[PDB]
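The analysis underlying the following values was restricted to heavy atoms, covering all of them including side chains, and did not include hydrogens, waters or symmetry mates. Naming convention: chains lettered A, B, ... in sequence-line order (proteins, then strands); numbering from 1 in each chain.
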Amino acid sequence: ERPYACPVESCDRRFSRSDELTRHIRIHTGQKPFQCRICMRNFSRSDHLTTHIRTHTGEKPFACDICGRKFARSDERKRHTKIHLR
DNA sequence: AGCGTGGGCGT
DNA sequence: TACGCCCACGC
Ligand SMILES: [Zn+2]
Ligand SMILES: [Zn+2]
Ligand SMILES: [Zn+2]
């Protein structure tokens, strides 16, 4: 069930967890509490800040098992590994 | 390709 | 509640 409803008028979104509603509300408030120290851009989410920072540093923690090519994000690696199929 | 950013959730 | 994985949609 999703007992936690968004109280903003135009919005009919609901959530299973209260913290997910609190995160969602930032969309409506525009709150972007996490600032990149390098370029000063602000982000809604701390995890998205971390991956953004890799655009500046070149850090690529995730290597393809088949070919060893490195990526900044796990989902980016995932999208890549499939190219090695038939 | 590079990468923003919500969806759902384990801890 | 925060932190931060995965997952997913969308340029
Ligand atoms: Zn809402
Ligand atoms: Zn930055
Ligand atoms: Zn590969």
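- Among the protein residues, A:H80 comes within range of no part of the nucleic acid, since none of its heavy atoms lies under 4.0 Å from any strand.
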Donor-acceptor list for residues 61-71 of chain A side chains, cut-off 3.5 Å, not counting sequence neighbours:
none

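- Annotation: ring-ring contact (aromatic ring centres under 6.0 Å, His included) contacts of A:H28 (sequence neighbours excluded): A:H24.
- When the side chain to side chain donor-acceptor pair (under 3.5 Å) test is applied to A:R2, no partner is found at least two apart in sequence or on another chain.
- When DNA chain B is scanned 5' to 3' for any atom under 4.0 Å from a heavy atom of chain A, the first and last hits are B:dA1 to B:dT11.
- Pairs of residues two or more places apart, or lying in two chains, that qualify as salt bridge (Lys or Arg N to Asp or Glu O under 4.0 Å) and include a residue from residues 7-18 of chain A are A:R17-A:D19.
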_How would you summarise protein contacts on nucleotides 4-11 of chain C per nucleotide, using B for base, S for sugar-phosphate only and - for none, with heavy-atom distances below 4.0 Å?_
BBBSB---
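- Under a 4.5 Å side-chain heavy-atom criterion applied to ILVMFWY residues, the cluster that includes A:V8 comprises A:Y4, A:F15, A:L21, A:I25 as well.
- Hydrophobic clustering, defined by side-chain heavy atoms of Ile, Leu, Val, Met, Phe, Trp and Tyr closer than 4.5 Å, groups A:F34 together with A:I38, A:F43, A:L49, A:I53.
- Residues forming a side chain to side chain donor-acceptor pair (under 3.5 Å) with A:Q31 (at least two apart in sequence, or on another chain): A:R26.
- The distance from the CD atom of A:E76 to the NE2 atom of A:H80 is 10.0 Å, given to the nearest 0.5 Å.
- The salt bridge (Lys or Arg N to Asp or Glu O under 4.0 Å) analysis of residues 33-46 of chain A, with sequence neighbours excluded, yields the pairs A:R45-A:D47.
- Within residues 3-14 of chain A, the residues approached by DNA chain B to less than 4.0 Å at the level of any non-hydrogen atom are A:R13, in residue-number order.
- With sequence neighbours left out, the side chain to side chain donor-acceptor pair (under 3.5 Å) criterion links A:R79 to no other residue.
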